[PDB]
Amino acid sequence: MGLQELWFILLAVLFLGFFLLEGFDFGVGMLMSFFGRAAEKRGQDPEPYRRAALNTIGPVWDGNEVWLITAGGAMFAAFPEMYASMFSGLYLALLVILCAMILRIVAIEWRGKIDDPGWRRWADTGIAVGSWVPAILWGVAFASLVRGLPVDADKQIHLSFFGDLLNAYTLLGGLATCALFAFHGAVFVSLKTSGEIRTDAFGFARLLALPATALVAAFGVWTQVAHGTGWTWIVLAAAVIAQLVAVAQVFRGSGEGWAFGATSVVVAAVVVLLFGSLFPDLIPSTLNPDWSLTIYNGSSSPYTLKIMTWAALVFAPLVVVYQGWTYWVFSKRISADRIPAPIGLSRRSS
Amino acid sequence: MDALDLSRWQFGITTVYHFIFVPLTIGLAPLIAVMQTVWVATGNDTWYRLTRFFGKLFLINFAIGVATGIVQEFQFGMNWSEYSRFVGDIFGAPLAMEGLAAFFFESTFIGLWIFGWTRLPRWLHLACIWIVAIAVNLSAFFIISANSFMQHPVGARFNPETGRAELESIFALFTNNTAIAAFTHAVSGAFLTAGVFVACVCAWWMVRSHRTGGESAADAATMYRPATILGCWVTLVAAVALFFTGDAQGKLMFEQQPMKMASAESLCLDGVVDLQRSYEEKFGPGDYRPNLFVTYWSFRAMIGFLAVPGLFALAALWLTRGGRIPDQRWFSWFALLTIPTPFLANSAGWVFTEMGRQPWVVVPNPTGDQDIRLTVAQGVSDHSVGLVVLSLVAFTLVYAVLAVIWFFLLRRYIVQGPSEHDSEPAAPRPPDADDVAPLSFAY
Ligand code: HDD
Ligand code: HEB
Ligand code: HEB
């Protein structure tokens, strides 16, 4: 019933997987610098602690980021008009996001090839940049998409400075997304480590609890009052309850599994609320509420949608299965005094 | 305004950057798979050192391959919006199928191969690299069929009441004449690249080790000579495959795209003017010619850069006939000069293919419906020059710095050699449920 609506739901699920699996990636990237800096204040050296922080997303980060690529491909396959208009309208944001992603990708994997101390500083800076920038720009982009863009007659969104970074409702979205991803990553590292980086992660999460709570609560209320249907009250209540549960669990210091399920619920509820506050259309128009794209004048065709439905309903469950398995395999636990000695070549950075 | 030339330049620069690294990956995954299989079968630890020594280089290349590929996915909608509305209904299916069926597999399983050297059983660890080697060819098939729709389109309708391509058959799209030949030719090129890489590196290390003497003079005959012979045989069979697939693809190009053919065999009757009059009478006014200089010389360079790897392979298979080891200095210089030529030939071929269909971005099929066609002036987005200069400069600079660092790292790790003295026996891989002091890899 309604291949177009089914593919709306499927695109929502792909973006949900991307956000859910890159939340703790961006959180670890934002937090590894503070992990290293908290070890020097005890006298220890910080390199094993930074490596132990980075190693929690070692074997899984690439498969995590493939979700964004496949979401963009699914947009191009199912809703090509939305693809064209959205990516030609948000030109600078995409340019910045891509320049940051390139640096993160290359730094994560070239960091440990040379044993010079100056070679690792640039790798750490690249990881920090590539983790800090998308964590804000994606929230800004999706908040601006839910709020509406100036679609002129058919295409060609041309926005300057007050339609992309409207202080009201758009930078608040980026702030809320950054805070939520930091909390998610902190409580994720608190679950994959074994005894003295675990307490550091608990301290970071106890410092991050309240700001993330307040920010996502304010963003949810603003969204559901300005752009919201009747059944999204339930999603907002679910997000608030889950955040309260996660905060209460973190301030105890022993659960660490329920506190991760709760933050996963919060992220999923935020994504579901943004998409359900938007369902009938894609890229609403602030110029005229008739020049806006919908799933009814933006989809591809019955045949293409049927072929893509077959492909998805065959390949997505298998991907979920074997990625769950690869998360199970590498899930023992990691200590700081278990990272191998640095084995890299001699010197002369570049 | 002038965003057309800037957009063309940007897309060309970025795709050439990507395909500098693509063929090494596509050709080196199966060679490493074979080198690990022959170790798991025979038990000889000589191939363990080789598979580790080349796995390091493979990873160094894979990182920047992914990084350069990440931008091509969004460039279509960023700079070529009007084109993406025209072919989205069809062009989007191979891209999404690629993302769902090959990128997930390769990304998930290379992470298992990197970190599972002492956590997985040996057969599962071998299956990991075999899966990676198959996925890096599946993705090539998908993306090459996607590009082969742009020239000789087959399964489309052009619904006039919406102004769109509209897909009508997926079987006719995935079994296109052009797609099979292009896939075979590109796979042959990638295997040539990887074979030449392995053969030249091992020949350099064989000439170098023989002169050092002492203890390393015995690594030559046991490790560097068999790898050289394997590389040269791979290079020769890939050269023959390239010849035959290229003849087939040229036979195809004669009938379904005559302007490219008339521009390849130019003088330096005329063809390019009679076809000009014919196209001007078919599709109204306009200029329908490629550059006639880049297209003349890219074909020649692409075909002529094959004489260097062939000569090198034929000389290296004769300098090591019975069991002997070469020591000539000029042989090592020859091996060093032979390395960039496969990359140059691949780039030349892809530049000939792309800049030959140049007035078009969707070439009209002579046995199609003649309404599925689009010049590259109705496909570009409507932007200003100041917005495209930003992206062009940024991407060019970032990729140049990353490529310089990549060359530095590859040269450093090749000069270092296989760390045979630095604890390279077959790992024991003890069972789990033990706080082992290292993890065997930690980034
Ligand atoms: C011959 C086949 C082939 C061709 C013509 C291209 N690629 Fe490529 N691409 C590959 C095959 C490939 C690859 C060689 O298999 C890579 C390089 C390193 C790797 O691991 O995969 C890759 C990496 C790669 C990635 C990284 C995804 C991941 O994390 O696994 C993306 C998103 C793309 N490519 C997309 C493109 C687009 C949009 C192209 C059109 C210009 C393109 N590639 C040229
Ligand atoms: C390296 C090499 C290369 C490669 C790999 C490629 C790969 C490709 N490609 Fe190419 N291209 C090219 C070389 C290329 N290419 C160039 C150089 C350019 C720009 C220039 C011109 O065009 O003029 C292009 C451009 C292009 C474009 C834009 C338009 C124009 O024409 O300008 C498109 C769409 C394309 C498609 C494609 C695809 C889909 C792919 C994937 C398969 N391209
Ligand atoms: C390295 C490797 C290589 C080499 C040696 C070469 C040398 C050559 N080649 Fe080349 N190519 C190539 C790789 C190559 N190549 C590529 C990759 C390309 C592009 C892509 C496709 O296929 O399209 C080319 C392009 C090409 C083409 C296309 C055209 C069209 O467009 O259709 C053809 C036909 C060829 C044939 C050839 C031949 C016959 C030869 C001699 C043997 N090529």
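Residue numbers begin at 1 in each chain, while the letters A, B, ... track the order of the sequences. Atoms within each ligand, like the ligands themselves, are counted from 1 in listed order.
Of all the atoms in ligand 2, the ones that sit under 4.0 Å from a non-hydrogen atom of B:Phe91 are 39 (C). Interface of B:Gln358 with ligand 2, defined as ligand atoms under 4.0 Å from a residue heavy atom, comprises 21 (C), 22 (O), 23 (O), 31 (O). Ligand 2 places these atoms under 4.0 Å from at least one heavy atom of B:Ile143: 41 (C), 42 (C). Interface atoms of ligand 2 facing B:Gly12, defined by a heavy-atom separation under 4.0 Å, are 16 (C), 17 (C), 18 (C), 19 (C). Atoms of ligand 2 found under 4.0 Å from any heavy atom of B:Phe76 (numbered from 1 in listed order, with element): 34 (C), 39 (C).
For atom 43 (N) of ligand 2, the nearest non-hydrogen atom from the set B:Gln72, B:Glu354, B:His18 comes from B:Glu354. Of the candidates B:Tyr17, B:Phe11, B:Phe142, B:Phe11 brings a heavy atom nearest to atom 25 (C) of ligand 2. Nearest to atom 19 (C) of ligand 2 by heavy atom, out of B:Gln75, B:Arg8, B:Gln151, is B:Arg8.
Ring centroid separation for the pair B:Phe149 and B:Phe91 does not come in under the 6.0 Å cut-off. Ring-centre distance between A:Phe315 and B:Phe105: not below the 6.0 Å cut-off.
B:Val16 counts as a contact of ligand 2, since one of its heavy atoms falls under 4.0 Å from the ligand. Residue contact annotation: B:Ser107 has a non-hydrogen atom under 4.0 Å from ligand 1.
Between B:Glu73 and ligand 1, a contact under 3.5 Å exists for no N or O pair. Checked by distance only, ligand 1 and B:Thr15 stay at 3.5 Å or farther apart across all their nitrogen or oxygen atoms. Inclusion of B:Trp350 in the set of residues having an N or O under 3.5 Å from an N or O of ligand 1 is not warranted. Checked by distance only, ligand 3 and B:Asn346 stay at 3.5 Å or farther apart across all their nitrogen or oxygen atoms. Residue B:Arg357 places at least one N or O, backbone or side chain, under 3.5 Å from an N or O of ligand 2. Considering backbone and side-chain atoms alike, B:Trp350 places every N or O at 3.5 Å or more from each N or O of ligand 3.
Ring-plane geometry between A:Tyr83 and A:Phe76 is classed as parallel, the angle between the planes falling under 30 degrees on a 0 to 90 degree scale with a further cut at 60.
The residue B:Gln257 has no part lying near ligand 3, judged by heavy-atom distances below 4.0 Å. Within the 4.0 Å heavy-atom criterion, neither part of B:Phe305 lies near ligand 3.
Salt-bridge check for A:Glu109 with B:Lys56: failed, with every basic side-chain N at 4.0 Å or more from each acidic carboxylate O.
Between the side chains of B:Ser148 and B:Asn176, no donor-acceptor pair of N or O atoms lies under 3.5 Å. B:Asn346 and B:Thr193 are linked by a side-chain donor-acceptor pair at a separation below 3.5 angstrom, with hydrogens and angles left out of the test.
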